[PDB]
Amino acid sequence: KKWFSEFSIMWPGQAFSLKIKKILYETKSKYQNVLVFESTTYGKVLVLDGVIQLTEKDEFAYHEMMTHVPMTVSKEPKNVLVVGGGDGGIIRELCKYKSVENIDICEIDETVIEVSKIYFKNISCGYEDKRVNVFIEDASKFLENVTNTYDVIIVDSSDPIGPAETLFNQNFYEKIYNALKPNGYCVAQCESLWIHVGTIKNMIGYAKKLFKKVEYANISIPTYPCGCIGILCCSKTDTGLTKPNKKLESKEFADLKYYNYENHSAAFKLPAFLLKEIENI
């Protein structure tokens, strides 16, 4: 058999590899190179521009922590936006909340959505739900023009090289502030503390120029570089996102596999060197 290897200038000098059981689909879309393969031990894998976006084995960690952290704080969220997330994993998790009335998702690349509906049915299943509305657009323009405001915004982007380029700057962070209700929350993929500290600091900076409270949490997931990824957590109220206001006991949450009430708060207890690094921002 052959191996798939994730190399990149975003993490020079290291690489992670998965053995290929078979290749399922490749194409160049209007925006990126898309690849889907069945791996030998992590199930099906979705790759964009040579970078792993998710795998069946572990995607639950990133989708549950990105969704349930803010959703368990926000008191009763009605209208939620997902940026990116074309695979639909965030949507799967949002659909578990019966109080939610509307879910918009703004994804730039329709190919991702359709590939996901074809090859990842357990991740894409939430596109069925009547509450879900899809927009094919650079979120960067979509937030410039949207008339509604949201209780929660969840920015499940790819990395800063590619179309996600426009999502990692100050102007993008204004657009989010404005598209949120006065007591709204944003969570955003914010990379690995083991190698991206300059970025993490920039991101935090941007958010601070607008939000009164910016926190950072960490998620263990094996198929992202260095085995972890961070959530940049933004709050307009001063009490932030580190503690849930509810517990997921509805039968729709019985199945959860990573997130729980305690490990919500735990994810915000970071290594000394990182705290040290993000003090004077």
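Position 1 is the first residue in the sequence shown; the rest follow in order.
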Can you tell me whether 108-116 has a higher mean C-alpha B factor than 197-205 in this record, or the other way round? 197-205
Of 117-125 and 83-91, which one has the bigger average CA B-factor? 117-125
Highest CA temperature factor in the entry: which of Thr40, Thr237, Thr223, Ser29? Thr237
Of the choices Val155, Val100, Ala139, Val132, which one's C-alpha carries the largest B-factor in the record? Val100
Binned into thirds over the chain's modelled residues, the C-alpha B-factor of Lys247 lands in the highest
Which third of the chain does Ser8 land in by C-alpha B-factor: lowest, middle or highest? middle
Mind checking which third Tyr62 falls in for C-alpha B-factor across the chain? lowest
Assigned third (lowest, middle, highest) for the C-alpha B factor of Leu232: middle
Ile219 CA temperature factor, ranked by third within the chain: lowest
